[PDB]
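Visitor: One structure coming up, written as structure tokens, with questions to follow.
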Protein chains: 2
Amino acid sequence: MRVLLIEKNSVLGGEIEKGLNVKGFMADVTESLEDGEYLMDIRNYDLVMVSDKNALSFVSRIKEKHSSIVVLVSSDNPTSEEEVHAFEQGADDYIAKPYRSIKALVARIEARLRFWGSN
Amino acid sequence: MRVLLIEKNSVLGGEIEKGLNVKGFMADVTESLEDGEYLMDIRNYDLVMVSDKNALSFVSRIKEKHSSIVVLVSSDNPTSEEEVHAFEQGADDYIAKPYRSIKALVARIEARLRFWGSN
């Protein structure tokens with residue numbers, strides 16, 4: 001299994017990446033979803049998470065191609081409007097920024113898919 | 001599709017019950033998971049949510065029988081430990097109490113079990 005972490009920052013991205021590594025999943029740190037989108041074409045991942053406002057259209061369009069892949073959207077303002085909108089667009093799970101904790105993010109990931117990658 | 005909500009409260013029961021009703025699902029508010037469990041044996045449901053600390057064992061044992069049903073666990077203290085433990089136990093999704101909003105709860109529910117088909 002391979003996880004795609006998209007975050008302009010470095011602390012959050014590195015934290016999430018190193019966290020998922022504990023389980024044994026290959027997490028990649030990026031900036032904009034654009035990178036993961038163009039990279040997902042040459043590579044084959046299973047988990048894709050991005051912390052941007054453009055995650056709606058990103059995940060929405062993704063479901064059209066890879067409806068199997070797990071689309072995870074995160075935002076600094078965890079509001080119901082963003083949650084319902086993101087879910088309706090394509091997002092499979094909404095994450096608040098900051099998040100509860102690394103352990104939570106990973107746990108929710110493996111539990112969200114539960115179709116690949118295990119300890 | 002039938003949605004079962006377990007909460008000894010009142011405001012939450014009515015708020016959630018009506019919230020889901022907006023879509024077109026059977027929302028029923030109960031007290032303890034014991035009720036929903038004993039009732040789920042006499043009736044066939046699809047969505048099951050409970051806001052109790054004993055949801056871990058409840059959802060954990062449920063997955064053993066109905067691996068299809070969506071187990072939604074909620075707690076007043078939305079902590080990573082509770083989230084990770086909830087998923088590891090059997091919980092499909094973790095909900096914070098209070099939650100972001102009704103629209104969010106319902107949206108997440110219908111989004112979690114969208115493969116249910118039968119519009």
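Chain identifiers are assigned as A, B, and so on, following the order in which chains appear in the structure tokens; residues are numbered from 1 within each chain, and ligands are numbered from 1 in order of appearance.
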Output as a ChimeraX atom specification the set of chain A residues within 10 Å of chain B, with distances taken over only C-alpha atoms.
Guide: /A:78-88,90-94,99-112
Visitor: Calculate the C-alpha RMSD, in Å to one decimal, after superposing chain B onto chain A by least squares over all C-alpha atoms paired in sequence order.
Guide: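 Result of the CA superposition: 1.1 Å.
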Visitor: Could you find all residues in chain A that DSSP calls strand (DSSP E) from the backbone, and write them as JSON, numbers by chain?
Guide: {"A": [2, 3, 4, 5, 6, 26, 27, 28, 29, 30, 47, 48, 49, 50, 70, 71, 72, 73, 74, 75, 93, 94, 95, 96]}
Visitor: Return the single residue from B:55, B:68, B:63, B:29 that is closest to residue 95 in chain B, with distances computed using only C-alpha atoms.
Guide: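 Closest residue, counting only C-alpha atoms: B:55.
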Visitor: One decimal, Å: what's the distance from CA of residue 115 in chain A over to CA of residue 96 in chain B, could you say?
Guide: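 The value is 25.4 Å.
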Visitor: Among range 1-91 of chain A, which ones does DSSP place in helix (DSSP H, G or I), written as a VMD selection string?
Guide: chain A and resid 11 to 23 33 to 42 55 to 65 80 to 89
Visitor: What's the 9 Å shell around residue 9 in chain B, counting only C-alpha atoms, without same-chain residues fewer than 3 positions away, as a PDB file with N, CA and C atoms, in the first residue's frame?
Guide:
```
ATOM      1  N   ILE B   6     -28.556   5.649  18.780  1.00  0.00           N
ATOM      2  CA  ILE B   6     -28.609   5.349  20.205  1.00  0.00           C
ATOM      3  C   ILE B   6     -28.052   6.504  21.031  1.00  0.00           C
ATOM      4  N   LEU B  12     -30.257  15.610  20.923  1.00  0.00           N
ATOM      5  CA  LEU B  12     -29.467  14.915  19.912  1.00  0.00           C
ATOM      6  C   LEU B  12     -30.326  13.919  19.139  1.00  0.00           C
ATOM      7  N   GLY B  13     -31.174  13.192  19.860  1.00  0.00           N
ATOM      8  CA  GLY B  13     -32.041  12.216  19.225  1.00  0.00           C
ATOM      9  C   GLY B  13     -32.952  12.838  18.186  1.00  0.00           C
ATOM     10  N   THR B  30     -32.850   5.830  20.357  1.00  0.00           N
ATOM     11  CA  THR B  30     -32.976   4.920  21.488  1.00  0.00           C
ATOM     12  C   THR B  30     -32.190   5.428  22.692  1.00  0.00           C
ATOM     13  N   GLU B  31     -32.031   4.568  23.694  1.00  0.00           N
ATOM     14  CA  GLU B  31     -31.299   4.931  24.902  1.00  0.00           C
ATOM     15  C   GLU B  31     -29.920   4.276  24.920  1.00  0.00           C
TER      16      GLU B  31
END
```
Visitor: Quick one, how far is CA of residue 49 in chain B from CA of residue 116 in chain A?
Guide: 25.6 Å
Visitor: Pick the closest to residue 34 in chain B from B:15, B:52, B:64, B:76: which is it, counting only C-alpha atoms?
Guide: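 Checking each of B:15, B:52, B:64, B:76 against residue 34 in chain B, counting only C-alpha atoms, the winner is B:52.
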Visitor: Quick one, how far is CA of residue 27 in chain B from CA of residue 2 in chain B?
Guide: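 CA of residue 2 in chain B lies 6.5 Å from CA of residue 27 in chain B.
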Visitor: Please provide as a CSV table (one decimal) with N, CA and C atoms, in the first residue's frame all residues within 6 Å of residue 48 in chain B, with the sequence filter that same-chain residues fewer than 3 positions apart are discarded (counting only C-alpha atoms).
Guide:
```
chain,number,residue,atom,x,y,z
B,3,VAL,N,-31.9,3.7,9.6
B,3,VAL,CA,-30.8,4.3,10.5
B,3,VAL,C,-31.2,4.2,12.0
B,4,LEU,N,-30.4,3.6,12.8
B,4,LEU,CA,-30.6,3.4,14.2
B,4,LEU,C,-29.7,4.3,15.0
B,70,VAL,N,-23.1,-0.5,8.8
B,70,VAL,CA,-22.2,0.6,9.1
B,70,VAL,C,-22.2,1.0,10.5
B,71,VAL,N,-21.2,0.7,11.3
B,71,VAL,CA,-21.1,1.0,12.7
B,71,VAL,C,-20.5,2.3,12.9
```
